[PDB]
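S.K.: I have a structure here, written as structure tokens, and I will follow up with some questions on it.
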Amino acid sequence: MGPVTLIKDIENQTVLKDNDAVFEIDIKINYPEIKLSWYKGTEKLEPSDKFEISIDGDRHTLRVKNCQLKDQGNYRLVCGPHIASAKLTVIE
């Protein structure tokens with residue numbers, strides 16, 4: 001059935017300044033050695049004062065907290081053969 005099974009991909013997001021934003025992917029991982037990773041631009045992301053990263057079943061979540069203007073950019077993920085990118089736009 002392949003290394004992974006995509007159910008629902010991430011999408012571009014628009015967020016009000018100072019609000020939290022969330023990127024959300026549903027993907028089933030069929031091989032135990034395969035892991036998903038998150039990026040902004042080309043830099044790998046980790047849990048921090050700015051980012052929340054979590055896993056619940058097949059649901060992978062990247063939360064960008066307290067979004068300022070400089071938090072805009074391209075947020076990406078890699079998981080086996082699957083890859084994706086989504087833009088964060090900050091308004092108001």
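Ordering of the structure tokens sets the chain letters (A, B, ...); residue numbers start at 1 within each chain; ligands are numbered from 1 in the order shown.
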Would you kindly return, as a ChimeraX atom specification, each protein, DNA or RNA residue with an atom no farther than 9 Å from any atom of residue 30 in chain A, considering only C-alpha atoms and excluding same-chain residues fewer than 6 positions away?

M.R.: /A:1-5

S.K.: Set the distance at 9 Å and use only C-alpha atoms: which residues neighbour residue 84 in chain A once local chain neighbours fewer than 4 positions away are removed? I'd like the list as a list in words.

M.R.: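 Residues near the query, excluding close chain neighbours: residues 9, 10, 11, 75, 76, 77 and 78 of chain A.
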
S.K.: How would the residues just chosen look if you wrote them out with C-alpha atoms as a short mmCIF file (atom, residue, chain, number, x, y, z; two decimals), in the first residue's frame?

M.R.:
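Output below, filename part_34.cif:
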```cif
data_model
loop_
_atom_site.label_atom_id
_atom_site.label_comp_id
_atom_site.auth_asym_id
_atom_site.auth_seq_id
_atom_site.Cartn_x
_atom_site.Cartn_y
_atom_site.Cartn_z
CA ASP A 9 -2.78 18.02 2.84
CA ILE A 10 -1.83 21.42 4.29
CA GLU A 11 -3.21 24.65 2.80
CA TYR A 75 6.06 26.57 5.76
CA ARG A 76 6.93 23.09 4.49
CA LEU A 77 6.89 19.40 5.40
CA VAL A 78 8.62 16.18 4.31
#
```

S.K.: Quick one: pull the distance between CA of residue 28 in chain A and CA of residue 48 in chain A, Å, one decimal.

M.R.: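 Taking CA of residue 28 in chain A and CA of residue 48 in chain A, their separation equals 25.5 Å.
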
S.K.: Check the smallest atom-to-atom distance from each of A:7, A:51, A:62, A:39 to residue 22 in chain A using only C-alpha atoms, then report the winner.

M.R.: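 Of the candidates, the smallest distance to residue 22 in chain A is held by A:62.
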
S.K.: Just the residues within 8 Å of residue 73 in chain A, please, counting only C-alpha atoms, with nothing from its chain fewer than 6 positions along; format it as a PyMOL selection string.

M.R.: chain A and resi 40-41+87-89

S.K.: Suppose you want the space between CA of residue 90 in chain A and CA of residue 59 in chain A; what is it in Å?

M.R.: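 Here the two named atoms are 24.4 Å from each other.
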
S.K.: Looking at only C-alpha atoms, which of A:67, A:17, A:74, A:23 is the one that sits closest to residue 50 in chain A?

M.R.: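 Of A:67, A:17, A:74, A:23, the one nearest residue 50 in chain A, counting only C-alpha atoms, is A:67.
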
S.K.: Rank nothing, just name the residue among A:25, A:70, A:31, A:44 nearest to residue 57 in chain A, using only C-alpha atoms.

M.R.: A:25
